[PDB]
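Undergrad: Coordinates only, no sequence provided:
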């Protein structure tokens, strides 16, 4: 603490490369036991961990990714592979280091390790120096005096991992809860064909050669890369209010739902957004406005519930970029009950998913706050 | 058929023998087997606009979980989370 | 207006084949128009414009000594597009051989051979190149802004853009009112040589814009490129040939500014079949460049042809960095004397037809001694499609830091020679100053954390009321 | 429709010819031309020939 | 197999030249008594050899025993292609400095497969969408990997000298 010496990195560090492998049989299905692990998310599906030159990841070294990436680190979790880029960083010394300490102390250098600019490899950079080290406490009580902060950082990283785990748990339980409750409604709950709730609108797009129709303005121009979000308040592009002269767009009210119809689906769940501003959107998506028989959040969450079947309702329509057409999107019939059982049940379901995600009163943004304060308290390490 | 159709080994080597025999086997007399396709009506295919091949694509990858296991896991992880957050709050000494 | 006539060129020439086939025909017709207008404005500068075949051989020797072509008789472009739409084709195939009479002296010629007869049938050829000559005649060019259309038409999609070339020119040109200038190994076009006389008609002419180039079809368009820009004639040449295997000029002379743009790692099987280990230029390196990385052979050839006053400004792909000991000893010989002065990084892509970035070496036999490894990644305005432009008063910041060895952060600075021999002779690591790093405050983050815990837990307990099965 | 393929032996029962760059149903009409009252055709297609 | 024909500086006329084969390590005295002398000690005329590298006719035997240690230190896939590595390096000592930098692609055989390895297996540029996975140019990316780094192609695989 008071006796901190800047020791070089490779003084107590053994660097090596992964051995020879055949880690890829031509089918790598989930039923096998070792996880194929890379950068980003360290989990691809199962492989068999024997008779392939395996390193099998003994008791906690760390790794490097990658050529040209140079940022991602991992603690070897239980016993995993060496998949094609896991060049090993570990320790020669085994009574001072406790190299999860220096794993944490890679986050004492994101300063020079933030700018990966050219085509580049940084072997000598981690190979030489430096790191502040509580030496001259070798090997007596250095782990004992860093035991405080490693208890702190272990429980905080554990907090982050379990918060991601329980966020998965809340989303999983709530996705089952969407399908259990609010469905199969009877009786006799009325049956409404889609679009009869209110006349939905098509789209519209200007040219991009027109500079005066694209450069400035104040209408939110909603593209599907802006989509996938909930409670849309603005857009990336603030397109011109004059640009509606050659847009074929329609001005929509301030309580609408926005929904894409182009190729995010055919595999997965469709996007859906509450849009709060009068906006205009391109050919790549659509907007629906309801009318007079409803609550608008009931249409939103009814489409969100029935997404798993309206991805199927006009599913193929050819194997092209084309998708669910206007017809079988339009010609699906939904339950619409008595009036008091619109705003009651959506008051529960809105209250649940505003607790789940974003942004006001949402859990992963809180997790990001925790990651920010955790990295700041890692900047509150023993530098003193 | 979408699988199998052994499309795994590079490149899509090979729909083996006794593997197309299932394909020929259902083809024999007009059978109707799920997770796989079946017969349709002529009136249904003139009702639709003459497509290929939408029906059936039977409902894979859909799994539902039981309430009480998920909510007991949820409440126990909240107890662990809250004792660790108050442990953080003692350990939030500036 | 400029872009009006530029758009006229960009539309009114494109018919009806691949651009790298009618390239030769359109540029040859435009070049024939320039020869016609230049020779007419010479002989008419008193208004006897409509000429006559009475040509004065005792006078018709003097522009053959002066402009190197008594270009015509009544056989110009002005006399040909009015008398166009007539049999036959090869009046101009003779009237290219006749302005190449020109044997005395300093030919710089045998030149219009790219224009040919194909075509499939001869009347189709007549109609097509009559349309070509008429479309070149149908241009609003007047009288001195001629070569701008040539520089636009050579810039096709398929070439060393004008702002990077301006940067290479301005780097090699400051505090130097001297002679001669300027040499170029592997010139390609005459583009990057041309930004001297774009400015340096100011004091005097110095000597000829020298150069050497490999590909003959590019050699022709290069020799007409610096012909159209009203440049004088006698020493203002390019010689055909490879600079490594067939170097000239050794005899003349140590230069005072050189520029280049070598291609990325062209192969050359030279090491070690001739006496290039004991030649005049590769011998002080101690080794030849390896078997497919030609670039430091170009920079050794560059430092060969340079005096005790001038300076070299060449480009490189950034990959020629360490590349084993065969390149480490070339970098060692460069830093061992005070040859190398300044490297410059530029941003990817910045180029027609590549992906990777570049670097710029500035060499001098001129001492301080320290290596300002002045970098740039942004800006470098690479945003507007594709990566244009390094505008004016934007490279002036680059030249401005380059002025006297300054040391400015978020940007690079000088280093120590002992530091760069301590490191293993790199380019260009230092400095890479510390962007995108931001830290927050304790109390704001933790108050936000605790209030969202209160709201989240009251929402979770209200969820637990609403968890009725 | 440059020759009499609108009134030929095989494309006339279709009522139209195949369009100008999608030859595949011209192949399947040519296929069903040369087949008796007993046999059967087995041809392949790109899956895009769907509605078009 | 990795041997020499070292005799003799005596008999410059080489009348019934002697001295057949000596593997490594090499004694001075055993070879000297095998081949005799010219009444004094001037020997090791390196006439013929069989080595993975090139050596001159005046090299001392101690330098041969010095080089044999570093040659026999390396694995066989390096020892099979020592001249190919010498086309980029300059000495066996310099190869011994950087003997762990060389990455060996036994699987890959040409630049298309090297690009396919770096993209599909590693994900050096990022994740690969499956609908994109066929529409990725490998030849131009292979040419730019060639012009960026330093790759050497042999019979076994591809040697990559990394920095």
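TA: Perfect, thanks for sending it. Numbering: from 1, shown residues only, chains lettered A, B, ... in the order given.
Undergrad: Let me see the contact set for residue E:145.
TA: Applying CB atoms under 8 Å, 6 or more residues apart in numbering or on different chains, we find residue E:145 in contact with E:111, E:114-115, E:118, E:151. Where you see a C-beta, it was placed from the backbone N, CA and C, and this is true even at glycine.
Undergrad: can you put those residues in CSV and add secondary structure and neighbour count?
TA: Converted to CSV, the contacts of residue E:145 look like this (DSSP: H, G, I helix; E, B strand; the rest coil; neighbours: other CB atoms under 10 Å in any protein chain shown):
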residue, secondary structure, neighbour count
E:111, helix, 18
E:114, helix, 23
E:115, helix, 23
E:118, helix, 23
E:151, strand, 18
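Undergrad: which of those are close to chain A?
TA: For chain A, the contacts drawn from these by CB under 8 Å from any CB of the partner chain are residue E:118.
Undergrad: and which of the contacts of residue E:145 is nearest to chain A?
TA: Nearest to chain A among the contacts of residue E:145, counting by CB to the nearest CB, is residue E:118 at 7.6 Å.
Undergrad: can you tell me the helix or strand for the nearest residue to the closest one once chain neighbours are set aside?
TA: In space, residue E:118 comes closest to residue E:124 once its chain neighbours are excluded; the distance is 4.9 Å by CB to CB, 6 or more residues apart in numbering or on different chains. Using DSSP states H and E, residue E:124 maps to neither a helix nor a strand.
Undergrad: What is the burial count for residue E:124?
TA: Look at residue E:124: counted by other CB atoms under 10 Å in any protein chain shown, it has 18 neighbours.
Undergrad: Surely it is in contact with residue A:70?
TA: No - using CB atoms under 8 Å, residue E:124 is not in contact with residue A:70; the gap is 11.5 Å.
Undergrad: Could I get the phi/psi values of the residue nearest to residue E:118?
TA: phi -70, psi -30 (degrees, to the nearest 10).
Undergrad: quick one: the helices in chain E?
TA: Using DSSP state H, the helices found in chain E span residues E:28-35, E:61-73, E:76-79, E:82-86, E:92-97, E:111-116, E:130-133, E:139-148.
Undergrad: Chain B now?
TA: Per DSSP H, chain B carries helices over the ranges B:21-27, B:42-47, B:67-90.
Undergrad: export the ones you listed to CSV and tack on distance to chain A and mean neighbour count?
TA: Converted to CSV, the helices of chain B look like this (distance: least, CB to the nearest CB, whole Å; neighbours: other CB atoms under 10 Å in any protein chain shown):
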stretch, distance to chain A, mean neighbour count
helix B:21-27, 19, 12
helix B:42-47, 12, 10
helix B:67-90, 4, 14
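Undergrad: Figure out which of the ones you listed is closest to chain D.
TA: Closest approach to chain D among the helices of chain B (CB to the nearest CB): helix B:21-27, 10.8 Å.
Undergrad: how about that closest one, does it reach chain D?
TA: No - Helix B:21-27 stays clear of chain D (CB under 8 Å from any CB), getting no nearer than 10.8 Å.
Undergrad: what residues does that helix touch?
TA: Here helix B:21-27 makes contact (CB under 8 Å, 6+ apart) with B:1, B:33, B:36.
Undergrad: quick one: which of these is nearest residue E:42?
TA: Of all the contacts of helix B:21-27, residue E:42 sits closest to residue B:1, with 83.7 Å by CB to CB.
Undergrad: tell me the contacts of that closest one?
TA: Residue B:1 makes contact with B:23, B:36, according to CB under 8 Å, 6+ apart.
Undergrad: Please report how far it lies from residue B:20.
TA: Distance from residue B:1 to residue B:20, counting by CB to CB, to the nearest Å: 10 Å.
Undergrad: how about the residue nearest to residue E:67 when sequence neighbours are not counted, what does it touch?
TA: Nearest non-adjacent residue to residue E:67, counting by CB to CB, 6+ apart: residue E:92, 5.6 Å away. Contact analysis of residue E:92 by CB under 8 Å, 6+ apart lists E:53, E:67, E:70-71, E:82.
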